[PDB]
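Remember, it's 1-based here, ligands and their atoms both numbered in the order they're listed. Position 1 is the first residue of the sequence; numbering continues from there.
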Amino acid sequence: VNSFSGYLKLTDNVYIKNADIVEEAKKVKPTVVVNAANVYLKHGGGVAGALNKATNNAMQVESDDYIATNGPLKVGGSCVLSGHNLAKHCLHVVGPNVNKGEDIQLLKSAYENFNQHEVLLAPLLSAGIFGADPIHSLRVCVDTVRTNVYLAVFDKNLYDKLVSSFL
Ligand SMILES: O=C(O)C[C@@H]1CCCN(c2ncnc3nc[nH]c23)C1
């Protein structure tokens, strides 16, 4: 038993809810919140901008130090940093950005990072401003992640569509 509430169960291990991941994160304090990061950890908009804003820019400050030491992430890759006031840890995961021409097949590699964590609160990778089809992101998620993932979908219209079209 864990503290996530109001989720619909899609599979043995994948759950979904219409929620703001920032507000969901501040209430659950999950062990891991996933950020929809880019390779530079420049948290300007979308989920990342919103998560970073909720940390009063502390996420960005920590991220800039990470990049200065380690260089950029790979598309499909991840790093674990602090969760600040939102979670114990933040798993920054880089899904392909269709609006940059990145290969959608890397979406599976991106979701594989979730398997290193027993339980996660996450957005749909490559959705939103990253330009992928969220229905496809949810299919790849279900077919790739084996650990317990709680998906927060900000848009109520999208949430209902994802549920109604799920196979
Ligand atoms: O509806 C969804 O979950 C998908 C969208 C796609 C566009 C970017 N996204 C977001 N952008 C800015 N703030 C957000 N807070 C929660 N999600 C946020 C998520």
Where ligand 1 meets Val153 - atom numbers and elements under 4.0 angstrom, heavy-atom basis: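 It comes down to these atoms of ligand 1: 1 (O), 3 (O).
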Nearest 0.5 Å, what's the [atom1]-[atom2] distance between [X] and [Y]?
X	Y	atom1	atom2	answer
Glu118	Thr31	CD	OG1	9.0 Å
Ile67	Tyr40	CD1	OH	9.5 Å
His117	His89	NE2	NE2	8.5 Å

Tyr150 side chain to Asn2 side chain, donor-acceptor N/O pair below 3.5 angstrom: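 Yes, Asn2 and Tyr150 have a side-chain donor paired with an acceptor closer than 3.5 Å.
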Polar side chain donor-acceptor pair, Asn52 to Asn57, under 3.5 angstrom: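 Checked: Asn52/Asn57 side chains pair up, N/O donor to acceptor below 3.5 Å.
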Nearest protein heavy-atom contact for [atom]: which residue, which atom, what distance?
atom	result
atom 1 (O) of ligand 1	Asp155 N, 2.9 Å
atom 15 (N) of ligand 1	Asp20 OD1, 4.0 Å
atom 13 (N) of ligand 1	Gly46 O, 3.3 Å
atom 7 (C) of ligand 1	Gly128 CA, 2.6 Å
atom 18 (C) of ligand 1	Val47 CG2, 3.7 Å
atom 3 (O) of ligand 1	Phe154 N, 2.8 Å

side-chain contact (heavy atoms from CB on, under 4.5 Å) between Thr11 and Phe166, worked out: CA-CA 10 Å; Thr11 68; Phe166 186 69; 4.0 Å; yes
